[PDB]
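# compute the structure for the input listed below.
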Amino acid sequence: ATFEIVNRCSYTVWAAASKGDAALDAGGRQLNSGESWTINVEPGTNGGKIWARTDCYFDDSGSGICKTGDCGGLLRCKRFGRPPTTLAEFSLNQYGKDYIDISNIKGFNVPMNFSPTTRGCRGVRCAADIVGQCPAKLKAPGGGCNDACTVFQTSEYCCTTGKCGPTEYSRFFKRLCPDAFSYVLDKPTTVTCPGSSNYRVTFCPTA
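Numbers count the residues shown, from 1 in each chain. The relevant structure is shown in the block below.
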């Protein structure tokens, strides 16, 4: 499937794409404001994620650091990034269907729209000013709004026993972004699309 990743923000982001144990395509690239990067993702890819990283410095060998979403210091991500990160998540060609969602379970750094570019489903978006409204205990110095599991490391926020309810913190993400997952057991906001759809992820879609 092809994904077009578009940076509509007024600042540079470093896009990242990984399935957690491997890069998707080149795995990461710098995107200046307006730039589009088209990647190819193998059919049957399960558990892929796309995110933006902010305020990165890399050297000639593609090693360095980002203030949000850093994936072990690499330009080309092999692993998932460090919260806070707004996430586009996808499982492709799973018994004839593609499944897509946006998640705030690992926090929020950059607003995002995640839409099919082919026919037969609708897109999802979380474009509210979560960083501006972020509760004081969740604000990350780096920039961004952390999830409560990251900050506090409790069974309730991390849903580690597999039983957890919504919280004051999860309700904050859900109030501003009803179409994104706000905690591990949130009522799913997954969208089912036809198998082998194509997609665009746009950072700062309302810019």
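
# quick one, strands of the chain?
Here the chain has its strands, by DSSP state E, at 2-7, 13-18, 23-31, 36-40, 48-58, 64-68, 87-94, 97-103, 112-116, 124-126, 180-181, 191-194, 199-203.

# could I get these as CSV with mean neighbour count?
Just so you know, the C-beta spots here come from the backbone N, C-alpha and C atoms, and that holds for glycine as well. Shown next, in CSV, are the strands of the chain (neighbours: other CB atoms under 10 Å):
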stretch, mean neighbour count
strand 2-7, 20
strand 13-18, 26
strand 23-31, 19
strand 36-40, 14
strand 48-58, 21
strand 64-68, 20
strand 87-94, 21
strand 97-103, 21
strand 112-116, 21
strand 124-126, 21
strand 180-181, 24
strand 191-194, 17
strand 199-203, 23
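
# need these in CSV with distance to residue 172, can you?
Supplementary listing: the strands of the chain in CSV, determined by distance: least, CB to CB, whole Å:
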stretch, distance to residue 172
strand 2-7, 26
strand 13-18, 24
strand 23-31, 28
strand 36-40, 31
strand 48-58, 20
strand 64-68, 18
strand 87-94, 17
strand 97-103, 15
strand 112-116, 18
strand 124-126, 13
strand 180-181, 12
strand 191-194, 23
strand 199-203, 22
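
# nearest to residue 76 among those strands would be which one?
strand 23-31 (3.9 Å; CB to CB).

# contacting residues around residue 82?
Counting by CB atoms under 8 Å, 6 or more residues apart in numbering, residue 82 makes contact with 68, 69, 70, 71.

# one more pass at 7 Å, please.
69, 70 (CB atoms under 7 Å, 6 or more residues apart in numbering).

# then the one 3 residues further on?
Contact analysis of residue 85 by CB under 7 Å, 6+ apart lists 51, 68, 69, 106, 107, 109.

# relative to residue 62, which of those residues is nearest.
The closest of the contacts of residue 85 to residue 62 turns out to be residue 69 (CB to CB; 15.3 Å).

# quick check on residue 205: phi, psi?
phi -70, psi -20 (degrees, to the nearest 10).
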